[PDB]
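Remarks on the structure that follows.
Taken together, the values in this text are just the output of simple stated rules run on the coordinates, not laboratory data. Cβ atoms come from the backbone with ideal geometry, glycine included; neighbour counts cover every protein chain shown.
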Amino acid sequence: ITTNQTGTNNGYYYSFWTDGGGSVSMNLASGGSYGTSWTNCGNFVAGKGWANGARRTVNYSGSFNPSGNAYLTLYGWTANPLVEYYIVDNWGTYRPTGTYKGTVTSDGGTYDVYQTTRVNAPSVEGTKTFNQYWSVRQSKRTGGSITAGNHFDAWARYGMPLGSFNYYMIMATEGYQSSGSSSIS
Amino acid sequence: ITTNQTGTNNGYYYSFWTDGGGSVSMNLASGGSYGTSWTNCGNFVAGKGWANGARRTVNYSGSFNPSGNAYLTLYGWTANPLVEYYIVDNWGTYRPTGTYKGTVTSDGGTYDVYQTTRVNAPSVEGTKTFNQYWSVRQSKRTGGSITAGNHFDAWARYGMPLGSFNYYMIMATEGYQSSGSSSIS
Amino acid sequence: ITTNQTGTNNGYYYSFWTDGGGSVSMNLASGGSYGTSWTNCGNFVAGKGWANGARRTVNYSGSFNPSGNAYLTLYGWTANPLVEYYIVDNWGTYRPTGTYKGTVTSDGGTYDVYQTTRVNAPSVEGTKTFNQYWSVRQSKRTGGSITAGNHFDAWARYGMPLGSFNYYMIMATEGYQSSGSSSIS
């Protein structure tokens, strides 16, 4: 596919979004599998996952090959409160950051946790003000387990409460003003 | 009444305070009912409620007619720690704000929550440094239910702990450098 | 002793550290008892306590006589997350401070709680970025009970989570660019 959309493929939720910039394509493959390719994109988010978020152990594998800024990250939203969350296992030429809260250790890795506030920004609920919660792995990797709940709990300990899992949770490839490819199952 | 004071009226706690500025009066009426009138005030706080705060469902009705800056807000203090809290349903020409923490949804509305710190400021415990917790309704209204505990819990999730309800909780009219009136039960 | 080191004395853990500056000595005495003496030091930390932190009631007595900057403080570290904590009962010409979070009341006193972030700083885990949690008594004293858990719980309420007590907890004398002495049991 090449146009913004949502749906199920091979029993798996999937979502594709781009701001029109450059060229971006997403391959929908067997089971939970997908890939992406892009050239001088503006912004895009793509991945496979679940229609609804949840406390789950997210297992993933593949390849991630960015030329410029891109993230490899679990990605989702909650409602009440509205919040966009990231748990980033890998990234390109830019490391995602924000207001430093601390750290969480999970799945053999240590992630820095950050918080940022988007003011009157696009969201699943429209133009809104909301918080972004981040966990960014201190060391890059492609593949393994991401035990979502360990992040959720740690964020809660740092005063970062999550709402209702009324929206998706995808294992996403996201890029900004760059090129590259990914293939993840 | 027209002079700073505290007491019970019709079985209800009540409190009146002004910094002397302009003219401010408070009507003590049947049951939980009161009203206020004021002209070019400096600062005043007035309302009816409880001698002691608590997890309760606060039901209120009436009219709120500010000409300038005024708030219509549940208002109280705790000890250990000392904290001044607001849950603002309505306001005048100024919207109460502070350090953005997030949001809480309750009683059919969505309130932004904010935190501010008063340094060496007047309090129920004298000149003190302390935090103010806010919930400010995203849309103005006069009347309904304010389920206090929903705010308390959300604030707690955002790292905003409340102390002991050693002081009042009133459904208050508060004004600053302005005129107007209110009538609330 | 006069050289950086760790060990047990009279059944009590002990730790001594200095950055070489000026002259600093530590007396290891009976039971939990120690003392320190120093002249124009740079930085030093010394005290007696436990190899491992814990929720305990820490009882201490003695004298604390700083000429310049020094703290009298319970002092420890956790892992996962890595955090350096202080609960300061007394200090010299400088009052320890940071980002104001609020207060906690314990052992007949009221402490301000603060948080600071050390970026790429020395720690028990090496050069690291980490948070420091503080409780600083509003009034100076030498002697009494410090119920550690009351601080731990309050910090948790303020979004300041503690990790695993994989490291020491000492009742410490710490100085910076100054002189003085202490004797504490």
Could you please let me know if C:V58 is more than 28 Å from C:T8 (Cβ to Cβ), surrounded by 19 or more Cβ atoms within 10 Å (Cβ to Cβ) and touching a helix residue (DSSP H, G or I) at 6+ places or on another chain (Cβ under 7 Å)?
no
Going residue by residue through segment B:69-80, is there one that turns out to be over 21 Å from B:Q132 (Cβ atoms) and crowded, with 16+ Cβ neighbours inside 10 Å?
no
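Could you list, in sequence order, all residues of segment C:124-173 that are at negative phi and among the small types (G, A, S)? If you could, list the steps in order and put the result at the bottom.
Taking segment C:124-173 as the starting set, the residues that turn out to be at negative phi are C:124-125, C:127-142, C:145-158, C:160-173.
Result: C:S135, C:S139, C:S145, C:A148, C:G149, C:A154, C:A156, C:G163, C:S164, C:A172.
Does segment B:41-54 hold any residues that are farther than 17 Å from B:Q177 by Cβ and touching an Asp or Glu at 6+ places or on another chain (Cβ under 9 Å), and which are they?
Once the filter is applied, which keeps residues that are farther than 17 Å from B:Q177 by Cβ and touching an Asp or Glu at 6+ places or on another chain (Cβ under 9 Å), segment B:41-54 yields only B:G47.
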Any chance you could count how many residues in segment B:50-80 are within 30 Å of C:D153 (Cβ to Cβ) and either among the charged types (D, E, K, R) or in contact with a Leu (Cβ under 8 Å, 6 or more places away or on another chain) (or both)?
4
Going through B:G126, B:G68, B:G76 one at a time, which residue ends up being in contact (Cβ under 8 Å) with a residue 12 or more places away in the chain and over 14 Å from the mean Cα position of the chain (by Cα)?
B:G68
Residues of segment A:131-185 being part of a helix (DSSP H, G or I), small (G, A, S), buried (at least 19 other Cβ atoms within 10 Å of the Cβ) and within 14 Å of chain B (Cβ to nearest Cβ), which ones?
A:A154
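Hey, could you check segment C:81-99 for residues that are surrounded by fewer than 16 Cβ atoms within 10 Å (Cβ to Cβ) and among the hydroxyl-bearing types (S, T, Y) and say which is farthest from the other protein chains (Cβ to nearest Cβ)? Working first, answer last.
The first filter runs over segment C:81-99 and keeps only residues surrounded by fewer than 16 Cβ atoms within 10 Å (Cβ to Cβ), leaving C:93-95, C:97, C:99.
Keeping just the survivors that are among the hydroxyl-bearing types (S, T, Y) gives C:93-94, C:97, C:99.
On the way: C:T93: 21, C:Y94: 19, C:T97: 12, C:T99: 10 Å.
So the residue we want is C:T93.
Would you confirm, using the coordinates I've provided, whether C:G31 is of a type outside the set (S, T, N, Q) and surrounded by fewer than 21 Cβ atoms within 10 Å (Cβ to Cβ)?
Values: of a type outside the set (S, T, N, Q): yes; surrounded by fewer than 21 Cβ atoms within 10 Å (Cβ to Cβ): yes.
Taking the combined requirement at face value, the residue satisfies it.
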Conditions first: (1) under 30 Å from A:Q132 (Cβ atoms); (2) in contact with an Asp or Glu (Cβ under 9 Å, 6 or more places away or on another chain); (3) among the hydroxyl-bearing types (S, T, Y). B:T110 passes all but one, so which condition is the exception?
(2)
Scanning segment C:81-125 residue by residue, those within 23 Å of C:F165 (Cα to Cα), part of a strand (DSSP E or B) and small (G, A, S) turn out to be C:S106, C:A121
Tell me, please, whether a residue that is within 14 Å of chain A (Cβ to nearest Cβ) and either farther than 27 Å from C:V104 by Cβ or not basic (K, R) (or both) can be found in segment B:29-50.
no
Criterion violated by A:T116 - all others in (1) more than 14 Å from chain C (Cβ to nearest Cβ); (2) in contact (Cβ under 8 Å) with a residue 24 or more places away in the chain; (3) under 17 Å from the mean Cα position of the chain (by Cα) satisfied
(2)
